[PDB]
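S.K.: So I've got this experimental structure, pasted below with the sequence.
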Amino acid sequence: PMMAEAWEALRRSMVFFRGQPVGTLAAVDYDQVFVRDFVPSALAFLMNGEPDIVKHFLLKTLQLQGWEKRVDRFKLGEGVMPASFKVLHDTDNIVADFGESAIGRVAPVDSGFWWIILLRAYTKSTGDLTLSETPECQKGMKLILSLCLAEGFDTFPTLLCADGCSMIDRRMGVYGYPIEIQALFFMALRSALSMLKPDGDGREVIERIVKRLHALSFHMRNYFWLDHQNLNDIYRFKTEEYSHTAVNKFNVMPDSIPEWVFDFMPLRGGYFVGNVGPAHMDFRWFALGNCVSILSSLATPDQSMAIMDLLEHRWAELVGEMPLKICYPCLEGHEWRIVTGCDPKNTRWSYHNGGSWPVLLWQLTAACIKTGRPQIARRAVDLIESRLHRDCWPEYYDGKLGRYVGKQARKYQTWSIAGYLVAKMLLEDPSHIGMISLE
Amino acid sequence: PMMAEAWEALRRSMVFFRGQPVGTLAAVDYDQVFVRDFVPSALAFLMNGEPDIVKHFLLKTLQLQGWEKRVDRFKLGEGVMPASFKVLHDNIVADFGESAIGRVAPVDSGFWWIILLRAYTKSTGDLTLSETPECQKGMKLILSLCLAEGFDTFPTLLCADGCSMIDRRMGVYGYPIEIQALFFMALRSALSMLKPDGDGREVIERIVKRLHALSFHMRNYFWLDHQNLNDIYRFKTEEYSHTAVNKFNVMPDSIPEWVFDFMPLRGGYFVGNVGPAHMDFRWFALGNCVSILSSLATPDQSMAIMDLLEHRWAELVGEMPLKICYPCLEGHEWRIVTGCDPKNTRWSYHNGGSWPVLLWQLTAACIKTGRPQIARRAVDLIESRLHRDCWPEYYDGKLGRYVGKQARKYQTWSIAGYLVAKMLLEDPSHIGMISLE
Amino acid sequence: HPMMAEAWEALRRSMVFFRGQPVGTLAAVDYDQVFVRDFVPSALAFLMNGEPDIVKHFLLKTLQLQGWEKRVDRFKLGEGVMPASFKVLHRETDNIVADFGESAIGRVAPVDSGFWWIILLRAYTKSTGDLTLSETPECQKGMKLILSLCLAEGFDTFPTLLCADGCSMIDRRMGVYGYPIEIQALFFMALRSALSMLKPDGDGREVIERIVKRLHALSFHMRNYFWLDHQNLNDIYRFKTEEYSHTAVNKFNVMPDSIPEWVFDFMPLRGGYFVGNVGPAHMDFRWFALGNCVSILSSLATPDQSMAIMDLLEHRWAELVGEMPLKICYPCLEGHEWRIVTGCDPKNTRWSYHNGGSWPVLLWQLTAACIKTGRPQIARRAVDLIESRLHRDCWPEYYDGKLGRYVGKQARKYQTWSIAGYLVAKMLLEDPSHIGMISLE
């Protein structure tokens, strides 16, 4: 079909280090190997039967994790994973970016979770348990887990985050406890138990992971979940509840709930709220967060069915003419001025502020297979197969329906192609969802 | 003179446990023993010569630190200090955030414990309390919570909304100057009594290293004067490099208009917040005062803060010291930042309200900087209405002419701060108890 | 003090030579060409110092550029169209490259360049007394060519010149379309200075008639409609609407309720100024510095109106001048006005580049007009304010802020005309006899 052209583009975007495939580029015209950008390419190669690139990638990124990172005078964490790295020749040499060179000095919290998830996907797709059992991978797993599982003044089981900590590397503002980071956190924890060897300290770390997983499953299914009944209850909430036994636990103002939520909420269906914190509640629908919540089994089968129901009812809003919107709705006017800090790349229905991202398709596909609703993924596949190739594989789309190409979208984006390839192979062989899902 | 009335109120607000005085109340009509609320009362007793209450408070709060705290299914940190506690007829009950409105976390409680311990050991000279194994363990626990490794690419401590003195949503998330200044002061005061035995040698290495990272990061990025503001106004955007000028990618057009008019030619202050693409230009009183007391600010920066206080006096002080922050969020800003919080309206409780308790911080900072006349002006201005209004919790308005909308009369720390400020102005030799160099 | 010597070092370093001949000065020495409006103050400085050969070469070279074949996409430009700027192609052999709007951002047209050429020619012939240059057939042809473009007939029902946005010193979208005072004042001054040096041979007698006729139409239209004082503002506030008749009071049907709130508070009891723009149902009340200064220098404003402008400058000093002279316009567009008028232009933010920014180069105009009005203390105060910070900031292009306390957002350091304006203003303060070189009566 016209998908082979996509594989030509995917193979053209390969980056080699000393003869071995180390990764895929970000854009082929974003000229380095990004972790989140390489995840779909790695899944495509794993399903096609070429897992050596993923093998080299995990190990080289692990070596980068063991580097001495420093920002002006501050020594970075031990388990901090790089956001990207580039290769040079004049004598190959790898250079990594942990946030010192990143615009705005953002921290890639999702990189470590993606590394653990990719390691689990590799060991499940290949069945070769040797790599996950190597001392290096165990060290990397413990290093990344010790950064987030460490105790602190936190009164929430969820992971606290600064703005620009997830795929959305700009102020939008994903600070606090965004569903994207919490879902990736839960998935990485569960996948960590799937391959961790209990050493003297290993048994203790496993105990910590299990306890945190229980606290997370409870906090996420009870507070982040939102359906019509729960929204009505929050609308009827009382304020100023200073007691151990309080109903309105986080003191959310019922009048502060935006007007769009009441009209957007259908009778059947629900989703996970974008953020929940002290007196804060971001009601925005985030695609990656809900998809990972479904894949990591964080959402109950009923909640997953409700997410699919909401996707079918409010389809034009969450998908439109081009899947898939990164978040709904978008920030406008004052909301854009204060939350984004007058960021011009995140305009109305743009890059991170409501833009349509084709790469998200594979996630939508995977969750759809896990929930038993393949027709939804097929609808999205037919929608993407009609315009993605014609537009030379853009990075992102803009507009309420995604009818327009992004304002600053890069053509021939690597993961925009890899996501389509992964989604098509998943539709052809659903048996691959076990590589990216848990129960 | 007719100043001991405040001492009568301070002595009436004492809370005893098993016969011994353990602390002071929050309000005498906020009904428990709060850490931040007890700090000024403890300083007043330390200066008057009654340090037994401070000792019992530190020891009992340390015992509370060793409790097994739980939030629904989540085990809180080991070194987490409680925000408040009350005595029930005689068993102590503490709140670590499970009962707090909005489930806010008291990040400043741990730092306040260490600062109060240093103040006690310096005021009394009795090094025995700081050298006991229990308090040493408490110091190491609180230090291990903040010095812990993480995804952070900033030396400053990440914070959720509602982390200190502002227990509500106000935009204090990220790296607010109040928490960073208290962090720096607690870090410096921890070395003043940490023994090098066992783990002490290792932790001492950590505290010193982070102290270097903070002093730089605070003096280079958080500081703001007319020249620095002009430079940020002329900043270039989208800087992807280790050698970038606009390190945090702040949008020059996003700088609010009030900053350009508020900035005088002489003087400066520390910016309220600095984070990824975020820079809160609001002036916070407690943060700058602690930055001066902890010597975090250079002598020139402290003199600049005093210069700004003298030039834009009506804005930061007005008819009632001291405004908690300037300016206040209005309209859309209030709707988005506070989440439509009604207790923080225009020039109110946390959103620009005038707090009398802050006076002592202003006083000490004035003595350390060599500008006592400013503190005398604030004292002469406050001594005319604090007692007449039955010691309110906070004042509202652009000038503080009106009492708070929901202010509690006879607030304990509002009285203790005035007493501490008067004792500091009368005897400046006490600033060593709350300052470093 | 010899700080003018430092300013002159910078001015002489910005000289541009063409195949051995000095043709002009650059715009910025770090805007990297020879601009007409940018060269006007430098030319005045050299004329006052006694080095007029550079001005002679500039006028002749610009006339030669006027004799070029200009084209934009498929359209042949006007015959008398003057270039906005030009650059030299070094580094042994030089070559001329001119910009008439084809290379300009937004394809803006420099309407003021021709008027500045005529005004500069009059200034040269008056400063040197050498009438030979203006009487050459080439200069007469250039004057007639530029005059035939603006004096041409059209559907216009207004004596003033219709203009597109970004046609004056303000090369960007700012709402200066229509009949801005800057272009009208430069037009009036160029017309009078054209009569000051036009020969009556052949067609000249014919053109002299046109220039005179339009001058009568302008002097009236400007003094009766564009002028604005407290009494006139009160009258417009009491205006009636829908006046369809030859004898109408509200001639342009301006809505009294549409007058902005800032105008009533800004208008003092003593003093007045010329309104920024007047057209069909449109009236931009913004105060433009260059327009009023040229209206004073060209004697377009009566002595009473000039005294009123100085009175307004004394009363509303912090608004029009502040800590750094001189604001290009007052007030600035904010919020919705900025979104609609500027089209979301980021270089013209609040109290910025063209939207209320402080420009040091304007000082010389403020100086000249003050000497013409007999109020030197105003110019001396502005000179002291500039002499206290302009050199310390390495001669910025423009300043931002309500008071001008901050350097421009995108200001270029060591701007040529920002230095030349200071030198011209100081030379005018030292020898007021030079104002005749830039003024009419």
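M.R.: Noted; the coordinates are in hand. Numbers count the residues shown, from 1 in each chain, chains lettered A, B, ... in the order given.
S.K.: In space, what's closest to residue A:188 - neighbours in sequence excluded?
M.R.: Spatially, and ignoring its direct neighbours in sequence, residue A:188 is nearest to residue A:113 (3.8 Å; C-beta to C-beta, 6 or more residues apart in numbering or on different chains). For the C-beta atoms, the positions are set from N, CA and C on the backbone; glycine is no exception.
S.K.: Buried residues in the lengthiest helix in chain A, which are they?
M.R.: Longest helix in chain A by number of residues (criterion: DSSP state H): helix A:200-219. Buried residues in helix A:200-219, counted by 16 or more other C-beta atoms under 10 Å in any protein chain shown: A:205, A:206, A:208, A:209, A:212, A:213, A:215, A:216, A:217, A:219.
S.K.: Please tabulate those in CSV, including the columns distance to chain B.
M.R.: Output for those, formatted as CSV (distance: C-beta to the nearest C-beta, whole Å):
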residue, distance to chain B
A:205, 15
A:206, 16
A:208, 10
A:209, 13
A:212, 8
A:213, 10
A:215, 4
A:216, 9
A:217, 9
A:219, 7
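S.K.: downstream neighbour of the helix or strand that residue A:378 is a member of in the secondary structure list?
M.R.: Element membership of residue A:378, judged by DSSP states H and E, is helix A:374-384. Counting by DSSP H and E, the element after helix A:374-384 in chain order, helix or strand, is strand A:397-398.
S.K.: What helices and strands are in contact with that following strand?
M.R.: With contacts taken as 3 or more C-beta pairs under 8 Å, 6 or more residues apart in numbering or on different chains; DSSP states H and E, strand A:397-398 sits against strand A:404-405.
S.K.: what about the very next helix or strand once past the strand it packs on, distance to the chain center?
M.R.: Next along the chain after strand A:404-405, taking DSSP H and E as the criterion, comes helix A:414-428. On the basis of C-alpha atoms, centre = their mean, to the nearest Å, helix A:414-428 sits 16 Å off its chain's mean C-alpha point.
S.K.: Would you mind getting the angle between helix A:414-428 and helix A:374-384?
M.R.: 140 degrees (axes from the mean of the first three to the mean of the last three C-alpha atoms, to 10 degrees).
S.K.: could I have helix A:414-428 exported to CSV, CA atoms only?
M.R.: Provided in CSV are the C-alpha atoms of helix A:414-428 (Å, rounded to 0.1, in the frame of the first residue of the first chain):
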residue,chain,number,x,y,z
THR,A,414,10.2,11.0,12.0
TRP,A,415,7.7,10.1,14.7
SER,A,416,4.8,11.3,12.7
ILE,A,417,5.7,8.6,10.2
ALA,A,418,6.6,6.0,12.8
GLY,A,419,3.3,6.4,14.6
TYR,A,420,1.4,5.7,11.5
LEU,A,421,3.5,2.6,10.8
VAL,A,422,3.1,1.3,14.4
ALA,A,423,-0.7,1.9,14.2
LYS,A,424,-1.0,0.0,10.9
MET,A,425,1.0,-3.0,12.1
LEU,A,426,-1.0,-3.0,15.4
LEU,A,427,-4.2,-3.1,13.4
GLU,A,428,-2.9,-5.9,11.2
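S.K.: and that helix, what does it pack onto?
M.R.: By 3+ C-beta pairs under 8 Å, 6+ apart, helix A:414-428 packs against helix A:4-12, helix A:35-48, helix A:361-371, helix A:374-384.
S.K.: Show me the strands in the stretch 151-300 of chain A, by range?
M.R.: Secondary structure of the stretch 151-300 of chain A (DSSP state E, counting those that start in this stretch): strands at A:225-227, A:270-272, A:275-277, A:280-282, A:285-286.
S.K.: In a markdown table: these, plus mean neighbour count.
M.R.: Formatted as a markdown table, the strands of the stretch 151-300 of chain A follow (neighbours: other C-beta atoms under 10 Å in any protein chain shown):
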| stretch | mean neighbour count |
| --- | --- |
| strand A:225-227 | 20 |
| strand A:270-272 | 26 |
| strand A:275-277 | 25 |
| strand A:280-282 | 21 |
| strand A:285-286 | 26 |
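S.K.: May I see these arranged in JSON lines, with distance to chain B as well?
M.R.: What follows is the strands of the stretch 151-300 of chain A, written out as JSON lines (distance: least, C-beta to the nearest C-beta, whole Å):
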{"stretch": "strand A:225-227", "distance to chain B": "15"}
{"stretch": "strand A:270-272", "distance to chain B": "18"}
{"stretch": "strand A:275-277", "distance to chain B": "6"}
{"stretch": "strand A:280-282", "distance to chain B": "6"}
{"stretch": "strand A:285-286", "distance to chain B": "18"}
